[PDB]
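Okay, run15.pdb now, which holds PDB, C-alpha atoms and all ligand atoms:
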```pdb
MODEL        1
ATOM      1  CA  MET A  43      86.590  70.831 125.734
ATOM      2  CA  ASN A  44      85.739  73.777 123.678
ATOM      3  CA  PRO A  45      86.818  77.228 124.901
ATOM      4  CA  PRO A  46      84.253  79.907 125.774
ATOM      5  CA  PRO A  47      83.047  81.596 122.565
ATOM      6  CA  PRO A  48      84.150  85.154 121.756
ATOM      7  CA  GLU A  49      82.145  87.880 123.459
ATOM      8  CA  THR A  50      79.173  89.376 121.632
ATOM      9  CA  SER A  51      78.643  92.193 124.148
ATOM     10  CA  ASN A  52      80.926  94.284 126.337
ATOM     11  CA  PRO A  53      79.556  97.192 128.417
ATOM     12  CA  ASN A  54      83.062  98.681 128.656
ATOM     13  CA  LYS A  55      83.293  98.938 124.824
ATOM     14  CA  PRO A  56      81.497 101.878 123.188
ATOM     15  CA  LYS A  57      78.786 101.013 120.664
ATOM     16  CA  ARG A  58      77.976 102.675 117.370
ATOM     17  CA  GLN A  59      75.710 102.273 114.363
ATOM     18  CA  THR A  60      76.910 103.499 110.954
ATOM     19  CA  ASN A  61      75.413 103.154 107.484
ATOM     20  CA  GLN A  62      78.318 100.850 106.599
ATOM     21  CA  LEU A  63      77.692  98.620 109.611
ATOM     22  CA  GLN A  64      73.962  98.265 108.913
ATOM     23  CA  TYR A  65      75.037  97.263 105.402
ATOM     24  CA  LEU A  66      77.496  94.669 106.682
ATOM     25  CA  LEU A  67      74.599  92.997 108.497
ATOM     26  CA  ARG A  68      71.710  93.690 106.092
ATOM     27  CA  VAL A  69      73.495  92.870 102.833
ATOM     28  CA  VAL A  70      76.939  91.341 103.347
ATOM     29  CA  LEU A  71      76.438  88.932 106.242
ATOM     30  CA  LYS A  72      72.856  88.011 105.420
ATOM     31  CA  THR A  73      73.820  87.219 101.814
ATOM     32  CA  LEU A  74      76.966  85.263 102.799
ATOM     33  CA  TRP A  75      74.778  83.397 105.312
ATOM     34  CA  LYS A  76      72.662  81.969 102.476
ATOM     35  CA  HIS A  77      75.603  80.574 100.482
ATOM     36  CA  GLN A  78      75.687  76.793 100.188
ATOM     37  CA  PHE A  79      79.181  76.723 101.763
ATOM     38  CA  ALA A  80      78.236  78.974 104.719
ATOM     39  CA  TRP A  81      77.208  76.295 107.223
ATOM     40  CA  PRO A  82      80.660  75.451 108.727
ATOM     41  CA  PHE A  83      81.131  79.141 109.537
ATOM     42  CA  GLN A  84      77.715  79.879 111.068
ATOM     43  CA  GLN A  85      78.821  79.004 114.624
ATOM     44  CA  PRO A  86      82.076  78.593 116.570
ATOM     45  CA  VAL A  87      84.040  75.474 115.670
ATOM     46  CA  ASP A  88      82.887  72.598 117.890
ATOM     47  CA  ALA A  89      86.254  70.852 118.067
ATOM     48  CA  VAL A  90      84.760  68.134 120.271
ATOM     49  CA  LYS A  91      82.006  67.136 117.830
ATOM     50  CA  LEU A  92      84.263  67.366 114.770
ATOM     51  CA  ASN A  93      86.999  65.322 116.507
ATOM     52  CA  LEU A  94      89.490  68.146 115.923
ATOM     53  CA  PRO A  95      91.064  68.087 119.399
ATOM     54  CA  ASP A  96      94.074  70.073 118.146
ATOM     55  CA  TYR A  97      91.947  72.919 116.752
ATOM     56  CA  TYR A  98      92.144  75.284 119.729
ATOM     57  CA  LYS A  99      95.737  74.285 120.361
ATOM     58  CA  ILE A 100      96.472  75.975 117.008
ATOM     59  CA  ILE A 101      93.764  78.652 116.664
ATOM     60  CA  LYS A 102      93.993  81.221 119.477
ATOM     61  CA  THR A 103      91.800  84.028 118.035
ATOM     62  CA  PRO A 104      88.719  82.106 116.846
ATOM     63  CA  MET A 105      85.988  83.887 114.908
ATOM     64  CA  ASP A 106      82.827  82.859 113.080
ATOM     65  CA  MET A 107      79.846  84.371 111.296
ATOM     66  CA  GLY A 108      77.508  83.498 114.167
ATOM     67  CA  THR A 109      79.601  85.620 116.535
ATOM     68  CA  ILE A 110      79.893  88.391 113.915
ATOM     69  CA  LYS A 111      76.120  88.335 113.373
ATOM     70  CA  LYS A 112      75.433  88.686 117.111
ATOM     71  CA  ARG A 113      78.003  91.490 117.320
ATOM     72  CA  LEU A 114      76.318  93.337 114.467
ATOM     73  CA  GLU A 115      72.859  92.842 115.991
ATOM     74  CA  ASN A 116      74.185  94.186 119.314
ATOM     75  CA  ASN A 117      75.901  97.247 117.755
ATOM     76  CA  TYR A 118      79.072  95.851 119.326
ATOM     77  CA  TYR A 119      81.391  97.469 116.748
ATOM     78  CA  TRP A 120      82.587 101.073 116.509
ATOM     79  CA  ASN A 121      83.010 101.051 112.721
ATOM     80  CA  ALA A 122      82.778  98.818 109.678
ATOM     81  CA  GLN A 123      86.527  98.160 109.651
ATOM     82  CA  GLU A 124      86.324  96.456 113.044
ATOM     83  CA  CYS A 125      83.762  94.056 111.579
ATOM     84  CA  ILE A 126      85.740  93.422 108.381
ATOM     85  CA  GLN A 127      88.740  92.485 110.532
ATOM     86  CA  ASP A 128      86.593  89.821 112.217
ATOM     87  CA  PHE A 129      85.704  88.402 108.790
ATOM     88  CA  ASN A 130      89.384  88.315 107.858
ATOM     89  CA  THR A 131      90.269  86.529 111.112
ATOM     90  CA  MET A 132      87.642  83.884 110.348
ATOM     91  CA  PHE A 133      88.993  83.248 106.840
ATOM     92  CA  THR A 134      92.642  83.416 107.919
ATOM     93  CA  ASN A 135      92.123  80.918 110.760
ATOM     94  CA  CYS A 136      90.653  78.404 108.330
ATOM     95  CA  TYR A 137      93.698  78.736 106.035
ATOM     96  CA  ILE A 138      96.024  78.426 109.033
ATOM     97  CA  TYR A 139      94.408  75.266 110.441
ATOM     98  CA  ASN A 140      93.879  73.535 107.079
ATOM     99  CA  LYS A 141      95.828  73.069 103.824
ATOM    100  CA  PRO A 142      95.355  74.376 100.264
ATOM    101  CA  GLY A 143      92.742  72.351  98.431
ATOM    102  CA  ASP A 144      90.951  70.947 101.490
ATOM    103  CA  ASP A 145      87.162  70.867 101.209
ATOM    104  CA  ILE A 146      86.735  73.407 104.038
ATOM    105  CA  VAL A 147      89.349  75.708 102.464
ATOM    106  CA  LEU A 148      87.547  75.659  99.112
ATOM    107  CA  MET A 149      84.418  76.646 101.039
ATOM    108  CA  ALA A 150      86.207  79.487 102.836
ATOM    109  CA  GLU A 151      87.733  80.722  99.576
ATOM    110  CA  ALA A 152      84.341  80.863  97.860
ATOM    111  CA  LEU A 153      82.916  82.942 100.716
ATOM    112  CA  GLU A 154      86.015  85.140 100.841
ATOM    113  CA  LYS A 155      85.802  86.071  97.178
ATOM    114  CA  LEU A 156      82.084  86.813  97.591
ATOM    115  CA  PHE A 157      82.837  88.821 100.748
ATOM    116  CA  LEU A 158      85.478  90.837  98.880
ATOM    117  CA  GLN A 159      83.001  91.551  96.063
ATOM    118  CA  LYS A 160      80.317  92.732  98.496
ATOM    119  CA  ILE A 161      82.516  95.097 100.515
ATOM    120  CA  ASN A 162      84.196  96.559  97.411
ATOM    121  CA  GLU A 163      81.459  99.210  97.569
ATOM    122  CA  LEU A 164      79.941 100.264 100.897
ATOM    123  CA  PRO A 165      77.215 102.893 101.420
ATOM    124  CA  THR A 166      78.190 106.486 102.143
TER     125      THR A 166
HETATM  126  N1  LIG A 201      89.118  71.033 109.581
HETATM  127  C1  LIG A 201      88.109  72.071 109.706
HETATM  128  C2  LIG A 201      86.781  71.704 109.733
HETATM  129  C3  LIG A 201      85.816  72.670 109.856
HETATM  130  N2  LIG A 201      84.430  72.235 109.853
HETATM  131  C4  LIG A 201      83.401  72.618 110.694
HETATM  132  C5  LIG A 201      82.256  71.930 110.311
HETATM  133  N3  LIG A 201      82.581  71.116 109.225
HETATM  134  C6  LIG A 201      83.908  71.293 108.941
HETATM  135  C7  LIG A 201      86.184  74.006 109.950
HETATM  136  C8  LIG A 201      85.272  75.039 110.056
HETATM  137  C9  LIG A 201      85.691  76.357 110.136
HETATM  138  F1  LIG A 201      84.771  77.363 110.248
HETATM  139  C10 LIG A 201      87.041  76.662 110.111
HETATM  140  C11 LIG A 201      87.970  75.636 109.997
HETATM  141  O1  LIG A 201      89.338  75.942 109.980
HETATM  142  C12 LIG A 201      87.539  74.321 109.915
HETATM  143  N4  LIG A 201      88.452  73.355 109.805
ENDMDL
END
```
Using structure tokens, write down the structure that the file contains.
Amino acid sequence: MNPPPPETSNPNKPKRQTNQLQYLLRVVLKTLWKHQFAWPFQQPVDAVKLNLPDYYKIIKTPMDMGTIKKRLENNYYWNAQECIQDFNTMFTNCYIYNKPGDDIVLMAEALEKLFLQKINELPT
């Protein structure tokens, strides 16, 4: 079975919109989304379909760009740093589950370097 996906809304959690968060959706996510290596990260890992039955035995804080995108569209975050942490969790989980040089890891590393370039400068 797959676990329930991470929440994309939470009425207990305060919402906010900042220039930097609009930018993380408008520019950073929506450009990463178009990368040729983006597709494995556009939705939660379906460990049933991919025959990775050990995935959620190892990965306990799963994160993906589909969840991030919905969070950004919902103004789920308080600030840009909260969103950047979700990106880092997504990359870090892929390096934890897989090994250096794996095809998926090369994909994650391409996106990560592009992500780092894009958030080097955020709007004021
Ligand atoms: N062994 C794998 C396979 C993945 N995948 C998913 C679709 N096609 C390959 C995968 C995807 C991720 F977003 C993170 C990972 O850690 C992954 N690990």
Discussion item. Can you tell me which residues surround residue 111 (chain A) at a distance of at most 9 Å, considering all atoms listed in the file, apart from same-chain residues fewer than 5 positions away, and format the answer as a PyMOL selection string?
Written reply: chain A and resi 50+67+71-72+84+106+116
Selection: 9 Å around region 52-55 of chain A, only C-alpha atoms, excl. self and same-chain fewer than 3 positions, as an mmCIF file with C-alpha atoms, keeping the file's coordinate frame:
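To be explicit, this is the file written out as selection-v8.cif:
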```cif
data_model
loop_
_atom_site.group_PDB
_atom_site.id
_atom_site.type_symbol
_atom_site.label_atom_id
_atom_site.label_comp_id
_atom_site.auth_asym_id
_atom_site.auth_seq_id
_atom_site.Cartn_x
_atom_site.Cartn_y
_atom_site.Cartn_z
ATOM 1 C CA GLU A 49 82.145 87.880 123.459
ATOM 2 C CA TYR A 118 79.072 95.851 119.326
ATOM 3 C CA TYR A 119 81.391 97.469 116.748
ATOM 4 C CA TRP A 120 82.587 101.073 116.509
#
```
Worksheet item: For the atom pair CA of residue 51 (chain A) and atom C11 of ligand LIG 201 (chain A), what is the interatomic distance in Å to one decimal place?
Response: 23.7 Å
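With distances taken over only C-alpha atoms and all ligand atoms, A:85 is the one residue among A:121, A:59, A:159, A:85 lying closest to ligand LIG 201 (chain A).
With only C-alpha atoms as the atoms that count, the residue of A:105, A:74, A:148, A:87 with the shortest distance to residue 132 (chain A) is A:105.
You can rank A:110, A:122, A:69, A:149 by their closest distance to ligand LIG 201 (chain A) using only C-alpha atoms and all ligand atoms, and at the top of that list sits A:149.
With all atoms listed in the file as the atoms that count, the set of residues no farther than 6 Å from ligand LIG 201 (chain A) is residues 82, 83, 87, 135, 136, 139, 140 and 146 of chain A.
CA of residue 101 (chain A) lies 13.8 Å from CA of residue 130 (chain A).
The gap separating CA of residue 103 (chain A) from CA of residue 65 (chain A) is 24.8 Å, in Å to one decimal.
For the point (81.3, 80.1, 120.9) in file coordinates, the residues within 7 Å, using all atoms listed in the file, are residues 46, 47, 48, 85 and 86 of chain A.
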Worksheet item: Any idea what's packed within 10 Å of residue 137 (chain A), counting all atoms listed in the file, ignoring anything in its chain fewer than 4 positions away? Could you give it as a list in words?
Response: residues 131, 132, 133, 141, 142, 143, 144, 146, 147, 148, 150 and 151 of chain A
Worksheet item: Can you tell me, as a PyMOL selection string, what residues are no more than 10 Å from residue 102 (chain A) when counting all atoms listed in the file, ignoring any on the same chain fewer than 4 positions away?
Response: chain A and resi 45+97-98+135
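Shortest separation to residue 61 (chain A) among A:162, A:134, A:117, A:109 occurs at residue A:117, atoms counted being all atoms listed in the file.
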To test the calculation: enclose all listed atoms of region 94-103 of chain A in a box whose edges run along x, y and z, add 5 Å on each side, then state centre and edge lengths in Å to one decimal, as JSON.
```
{"center_x": 93.0, "center_y": 76.1, "center_z": 118.1, "size_x": 17.0, "size_y": 25.9, "size_z": 14.4}
```
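Among the candidate residues A:66, A:100, A:156, A:43, the one lying nearest to residue 128 (chain A) is A:66, with distances computed using all atoms listed in the file.
If all atoms listed in the file are the atoms counted, then among A:63, A:70, A:138, A:94 the closest residue to residue 158 (chain A) is A:70.
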